[PDB]
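*Asks:* Pasting an experimental structure, sequence included:
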Amino acid sequence: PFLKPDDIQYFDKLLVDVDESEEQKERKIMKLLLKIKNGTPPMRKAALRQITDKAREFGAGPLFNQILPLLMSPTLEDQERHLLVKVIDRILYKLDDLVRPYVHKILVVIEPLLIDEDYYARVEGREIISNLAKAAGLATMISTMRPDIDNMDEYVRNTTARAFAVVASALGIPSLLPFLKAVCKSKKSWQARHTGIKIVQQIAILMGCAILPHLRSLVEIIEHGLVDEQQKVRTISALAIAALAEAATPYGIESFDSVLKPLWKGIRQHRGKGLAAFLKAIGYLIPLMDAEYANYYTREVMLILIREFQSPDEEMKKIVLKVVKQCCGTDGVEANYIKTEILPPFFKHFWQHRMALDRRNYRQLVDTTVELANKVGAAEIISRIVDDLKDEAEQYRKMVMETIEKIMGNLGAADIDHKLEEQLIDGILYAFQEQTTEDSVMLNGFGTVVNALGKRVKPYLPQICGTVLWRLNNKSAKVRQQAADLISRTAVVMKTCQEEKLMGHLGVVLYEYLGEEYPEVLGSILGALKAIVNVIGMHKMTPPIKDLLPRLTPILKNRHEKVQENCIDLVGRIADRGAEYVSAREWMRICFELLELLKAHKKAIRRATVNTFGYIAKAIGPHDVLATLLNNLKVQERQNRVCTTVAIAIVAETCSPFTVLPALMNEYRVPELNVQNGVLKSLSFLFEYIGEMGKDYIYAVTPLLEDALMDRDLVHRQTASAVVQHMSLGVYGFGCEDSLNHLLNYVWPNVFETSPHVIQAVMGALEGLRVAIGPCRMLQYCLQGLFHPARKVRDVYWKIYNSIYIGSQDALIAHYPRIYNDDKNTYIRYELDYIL
Amino acid sequence: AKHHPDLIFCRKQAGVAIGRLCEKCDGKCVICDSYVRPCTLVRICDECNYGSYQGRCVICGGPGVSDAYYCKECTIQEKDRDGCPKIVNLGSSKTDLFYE
Amino acid sequence: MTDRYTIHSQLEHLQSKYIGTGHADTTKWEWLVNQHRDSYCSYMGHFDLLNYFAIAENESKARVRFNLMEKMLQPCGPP
Amino acid sequence: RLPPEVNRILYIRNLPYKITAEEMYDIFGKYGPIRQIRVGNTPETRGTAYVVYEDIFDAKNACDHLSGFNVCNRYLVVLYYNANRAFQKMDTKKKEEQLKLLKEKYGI
Amino acid sequence: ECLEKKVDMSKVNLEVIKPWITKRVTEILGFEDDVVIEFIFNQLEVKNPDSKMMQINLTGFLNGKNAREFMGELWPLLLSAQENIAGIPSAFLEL
Amino acid sequence: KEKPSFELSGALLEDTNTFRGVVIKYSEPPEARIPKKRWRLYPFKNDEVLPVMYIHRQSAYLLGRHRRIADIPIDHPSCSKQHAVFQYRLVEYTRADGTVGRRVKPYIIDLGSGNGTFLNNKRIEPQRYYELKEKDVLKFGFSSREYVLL
RNA sequence: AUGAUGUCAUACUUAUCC
């Protein structure tokens, strides 16, 4: 597969056709890389495996020699990068002692993955450095990575710090401690100590909550940098304290203890970024102190906190913001003091159009404001920010809107007075009437506001729903779906207040849009109908179901991901609840239409589908519909079938399977194999759902499992084995064990194979058989296999014997046989032979 | 599980944080990965639920809405008395789908 | 003091953390000692089995419990 | 008044396998003094060459006039070469001696 | 080897071991760094240190030959300091 | 002590316009084009047009008192290195018929000389679109000049 | 008459996934 015009430089050796005459042939055959980089997806797959199994063969040297240039390529893609990352992982699951010379030679390319805009790139990078460090040795990593500490560029120092974070997560803090503790005391130059401290931080972020045990030692390291003559070291130091305390869940306060007294002092004398950093640290600290000591100390911090609102620094504003959250979100702080001193400057400087356009500042601002509401109360905050709902820009409106949302979510709408409530509803409608983008914030916002107001909202309905219909035209593509969803979430409120005319409106009006050709709208429409069904009942539906349901029936062709979803859902609600209003003929047509809905690429679609199919199975009764399931061609191998199997299960539940089984068991006869294993699955899920009731049917299924478990082809043994499992859990304790032993006979030979699905299947099988039969019989099959020095039987029988061993280890005692004692050892336990 | 075989669980110490399930993974079991017979609720680890890691799904890892529960077949097989089955690793799933 | 033996990790796999499970390369004496330790723990855990073991012998319950706790470490000797 | 991406190195292609470095030096020598020139002697890279000048603007006037310029039957591919990375095939070292020298001679 | 005898850093001084470790690090690594001195300070900070872990941390730090001699020289001086009733090595009694 | 200011640094401006040995100021806008009108530089220092330079064939033209920056020297000791810059560019104007379009005309704007400039015994200020035409009596120096161009 | 490996289609599983 083709070569980009640049990649020639790398792959030129492949171009020449000289062939068939040692190492040069290994580099030459190693161009399978090219097949991984560019080509068809299958070529990438097969190539990837082929190079995985050749790891031990080719060795890490030639590979990395032929890779690292590519992953270093200036023209590298996104995908190609990620794929080469994959091959590096998969080969590094194998090679262990081999990589030692290349470790640095790896990290140099990989460390740039840690600092990246892409998140998935970062989690990948952390993963592969974890695999590398754990793969190599500790001393390998340490002795490797020293010279990058004092490197002139700070880039490598930084990304190297995150590297030490990852490797420290791998091999644990205490192993790597003396290295660090040695580093931060290095007397050569400051840059080192700066690095090592940054390492402390990135360890704090990465490990997070798990820092807890070594917190003391870590602090004892870092403390000496706060007083250092250099500035950076001080700044990054206190920052690292911050990260610690933030991962320091409400405890280890005294471990930070000796750190405080300098910090507070510094709080006085500092100008610039370092100051803000200290404020960050102290900020995360205060929640960890005692409300008495933290009373004083807090009251001291509040002053500077006030004074420093006004700085243009955005780092500043972030810090002091989150600070205000923690300091003023303290239970030991008085409302009125905040109400006077803080709120007016807070809404003055902080609420502006510089903030909201940014992302982090947006969020953090939301949170802090939410908490201030949590203390001073509701009507204050909201009352001050309502007037901004009507502000021009979107993002700002979005901000105050979600703020109001969370506020009225927590505190409740009860505190709100009347006039401010008028400004509320008008604000929310007005903001909702202009929507540049589609998003939930405005909608969830409105819904939460109304559901919180309760029936105080009643005078406002006609304005609401007037807007709802007029908007319900305007633009279908953009706003139809949105006004529809608005109805959906406002259903219950439009119900409990007992406005019936409005339910007539929404009922037939929405009924009319079911002919809408745009799917993304229609979906929202059906959703709205759904929500309306859950408030007003069956027989009171203003569009009587006789009208509605057959009008729904043809829509199932619609392909669309949202239409199919909501549609099938609603057919489910009505098919489950009333179900009498519609004649059976319509129903069976619904069936023959439902059958091909199982091509859905989405799992929830199939979910609702099968459950519905059960409901209508109740509405009619088993035989016909289970026959219509058995009609299935099985045509698709990758699933698309076994959902029908699930329908066979649930159908067998909805009316007693005590009826249904003979039809199925007969339908195993058919020579077509894939449907044979199909009905095997049907038995599996069947027993999984029936549980206890299998105390009878075990016998019926027993000989057929004999026929199936006796192998035509592996899938028979597998699926049948799964059946044995779920049967074995289900029947437990009821006294049927005998036939389960018989079936265990035929289960037992299948123990040996390398196919993952059949071996894990058999494992589940013998586990369920363990609990059902009891360990004694198991162990009596597992004894002789232990001994076997043959590199197979011992592997397996010891795997089994372990599975039997972990559970029920208490009950095994009696069943260990008598084993005679040799020369040096006494192998007879004589306690059991004490006789009265 | 049956969908992702290369995924590894957390298996950490059990805390007092009750587990939750996302709206896309609602009703699915954690160990048995089934939809019927819920018998025991899911408990999360202490490090697995802290700050932004609280209120997240165990299997899906997205925004959790409803509380997750374990299957009765996994409860009778003593598969629910193990550690916290939080999905930590995420490999060969939702990686190439972001590019398309 | 070059040892060239750093049983640290490889690819976050295996790393036995349980006690009494065993491996495929487990010896007979190690498995017998683990079975004897499991039998001693089951005798110390079950109250009815400990009562039936102490009713036969002329020793008391706490003396037999201390003897079973003292005989747990190195029951056979050669693993 | 220059785009940043262009560099003193130019990748040049659509060369014959017989071509002589005499013609090379002569032709390319119009715009400025040659820093040096490499030519692929290897099975894939034969037909390609890299030219490096004492100054960039040299190369700029070059690709200006030499754009699609002709030799034999061929119109050469003239592009500004991209050497973002140093292929790390070589290393960063040997700075100590020269830096010790400039620290010695001028004493600075 | 020489890293099999159990020792204890609580019965020995720390200020007298800094110059010998500094001379060993200057002989091994050529120049004076701040990571090796910090590693030597972290290896002796515990009251019961580990000789095998220190050898692994310094067993590969150099090349795998000078680090073994450095560990063998640091284990014998610590053993001579812990065996003495004063708590000092043999190089501190003369000067 | 590090004195951070986060202001406009000179290196980012010098890397955009990099000459051989000096900085390059007085850049043209993006609306510059090649001239197609009949206009030639007729320099008369002693009432005899010895040299002739084409202004429509070249895109840039720098004249000064330095031999390393400029291509050809000039015999004017009372003129600075950066005194005047005559560059042709099609600006937004109207023709005689009233229809709008692109007309190639020379742009006249002072670059901030120390002693200024004079054209037809009159000083012109910068940032002012003056109607520049052919056969203008200009001066290529800061104070005075004994040579005119036509 | 099994088994061996290897080019090469074909079905099946993973409730695989936009």
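*Replies:* Arrived safely. Residues are numbered from 1 along each chain as shown, chains lettered A, B, ... in the order given.
*Asks:* quick one: residue A:147 from residue A:165, how far?
*Replies:* Distance, residue A:147 to residue A:165, using Cβ to Cβ, to the nearest Å: 19 Å. Using the backbone N, CA and C atoms, a C-beta is placed for each residue, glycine as well.
*Asks:* of these two, who's got more company?
*Replies:* Neighbour totals were compared for residue A:147 and residue A:165, and residue A:165 leads with 23 against 13 (other Cβ atoms under 10 Å in any protein chain shown).
*Asks:* tell me the contacts of the more buried one?
*Replies:* Taking Cβ atoms under 8 Å, 6 or more residues apart in numbering or on different chains, we find residue A:165 in contact with A:199, A:202-203, A:205-207.
*Asks:* Chain B: which of these is nearest?
*Replies:* Proximity of those to chain B (Cβ to the nearest Cβ) peaks at residue A:207, which lies at 9.2 Å.
*Asks:* wouldn't the closest one be in contact with residue A:167 here?
*Replies:* No. Contact criterion Cβ atoms under 8 Å: residue A:207 and residue A:167 do not qualify, at 11.8 Å.
*Asks:* The two: which is more packed in?
*Replies:* residue A:167 (24 against 18).
*Asks:* Quick check: closest non-adjacent residue to the more buried one.
*Replies:* Computed as Cβ to Cβ, 6 or more residues apart in numbering or on different chains, the closest residue to residue A:167 that is not its neighbour in sequence is residue A:133, at 3.7 Å.
*Asks:* A strand includes the one you found, no?
*Replies:* No. Judged by DSSP: H, G, I helix; E, B strand; the rest coil, residue A:133 forms no part of a strand; its state is helix.
*Asks:* chain center to the helix or strand harbouring residue A:495: distance?
*Replies:* Using DSSP states H and E, residue A:495 falls within helix A:481-496. Counting by Cα atoms, centre = their mean, to the nearest Å, helix A:481-496 is centred 30 Å from the centre of its parent chain.
*Asks:* And stretch A:663-676, by the same measure?
*Replies:* Relative to its parent chain, stretch A:663-676 has a centroid offset of 39 Å by Cα atoms, centre = their mean.
*Asks:* List the buried residues of it.
*Replies:* Within stretch A:663-676, the residues that count as buried by 16 or more other Cβ atoms under 10 Å in any protein chain shown are A:664-665, A:667-668, A:675-676.
*Asks:* and if you look at stretch A:550-562?
*Replies:* A:552-553, A:555-556, A:560, A:562.
*Asks:* Now for the residue in chain C that RNA strand G sits nearest to: which residues touch it?
*Replies:* Relative to RNA strand G, the nearest point of chain C is residue C:13 (19.4 Å; Cβ to the nearest atom of the strand). Each residue near residue C:13 by Cβ under 8 Å, 6+ apart is listed here: residue A:93.
*Asks:* could you redo the last one with a cut-off of 10 Å?
*Replies:* A:93, B:8 (Cβ atoms under 10 Å, 6 or more residues apart in numbering or on different chains).
*Asks:* I'd like to know which of the buried residues of stretch A:663-676 are part of helices.
*Replies:* A:664-665, A:667, A:675-676 (DSSP state H).
*Asks:* from the residues you listed, which two are the most distant?
*Replies:* A:665 and A:675 (13.2 Å; Cβ to Cβ).
*Asks:* Output the residue ranges of the helices in chain F, listed in chain order.
*Replies:* Ranges of helices within chain F are F:10-16, based on DSSP H.
*Asks:* can you check chain E too?
*Replies:* E:18-28, E:35-43, E:51-59, E:66-83, E:91-94.
*Asks:* Chain neighbours aside, what residue packs nearest to the residue most central in space within chain F?
*Replies:* The centre of chain F sits closest to residue F:85, judged by Cα atoms, centre = their mean, with a distance of 1.2 Å. If the residues on either side of it in the chain are set aside, residue F:85 comes closest to residue F:26, at 4.9 Å by Cβ to Cβ, 6+ apart.
*Asks:* can I assume the one you found is in contact with residue F:87?
*Replies:* Yes. Assessed by Cβ atoms under 10 Å, residue F:26 is found in contact with residue F:87 at 8.4 Å.
*Asks:* Overlap of the contact sets of residue A:665 and residue A:675?
*Replies:* What both residue A:665 and residue A:675 touch, as defined by Cβ under 10 Å, 6+ apart, is the set residue A:682.
*Asks:* What is the stretch of helix or strand residue A:650 belongs to packed up against?
*Replies:* Per DSSP H and E, residue A:650 falls inside helix A:642-654. When contacts are defined as 3 or more Cβ pairs under 10 Å, 6 or more residues apart in numbering or on different chains; DSSP states H and E, helix A:642-654 packs onto helix A:603-620, helix A:622-630, helix A:657-667, helix A:673-690.
*Asks:* For residue D:94, which of the ones you listed is the nearest?
*Replies:* Of all the helices and strands packed on helix A:642-654, helix A:603-620 sits nearest to residue D:94, with 61.0 Å by Cβ to Cβ.
*Asks:* How about the closest one and chain B, any contact?
*Replies:* Yes. Helix A:603-620 lies within reach of chain B by Cβ under 10 Å from any Cβ of the partner chain, at A:603-604, A:607, A:610-611.
*Asks:* ok, of those residues, which one's closest to chain C?
*Replies:* Using Cβ to the nearest Cβ, the residues of helix A:603-620 next to chain B come closest to chain C at residue A:603, 28.9 Å.
*Asks:* show me what contacts the residue in chain C that chain B sits nearest to?
*Replies:* Nearest to chain B in chain C, going by Cβ to the nearest Cβ, is residue C:12, at a distance of 7.2 Å. Going by Cβ under 10 Å, 6+ apart, residue C:12 touches A:93, A:127, A:130-131, A:134-135, A:170, B:8, B:89.
*Asks:* center of chain A - which residue?
*Replies:* Note: chain A centre (Cα atoms, centre = their mean) maps to residue A:120, 13.2 Å.
*Asks:* any idea how far that residue is from chain B?
*Replies:* Separation of residue A:120 from chain B (Cβ to the nearest Cβ, to the nearest Å) stands at 6 Å.
*Asks:* Okay, buried residues for the longest helix anywhere in chain C please.
*Replies:* For chain C, the helix that runs over the most residues, judged by DSSP H, is helix C:28-45. Across helix C:28-45, burial judged by 16+ other Cβ under 10 Å covers C:29, C:31-43.
*Asks:* Quick check: closest non-adjacent residue to the residue of chain D found nearest chain A.
*Replies:* Here chain D gets closest to chain A at one residue, residue D:44, 2.3 Å apart by Cβ to the nearest Cβ. Closest residue in space to residue D:44, ignoring its immediate chain neighbours: residue A:12 at 2.3 Å, by Cβ to Cβ, 6+ apart.
*Asks:* That neighbour reaches residue A:5, doesn't it?
*Replies:* No. Checked against Cβ under 10 Å, the pair residue A:12 and residue A:5 is beyond contact range at 11.9 Å.
*Asks:* how far away is the residue in the stretch 201-350 of chain A that RNA strand G sits nearest to from residue A:627?
*Replies:* At 28.0 Å from RNA strand G, residue A:206 is the closest residue in the stretch 201-350 of chain A, using Cβ to the nearest atom of the strand. The spacing between residue A:206 and residue A:627, counted by Cβ to Cβ, is 59 Å.
*Asks:* rewinding a little: a helix runs through the residue of chain D closest to chain A, doesn't it?
*Replies:* No. Counting by three-state DSSP, residue D:44 is located in no helix; its state is coil.
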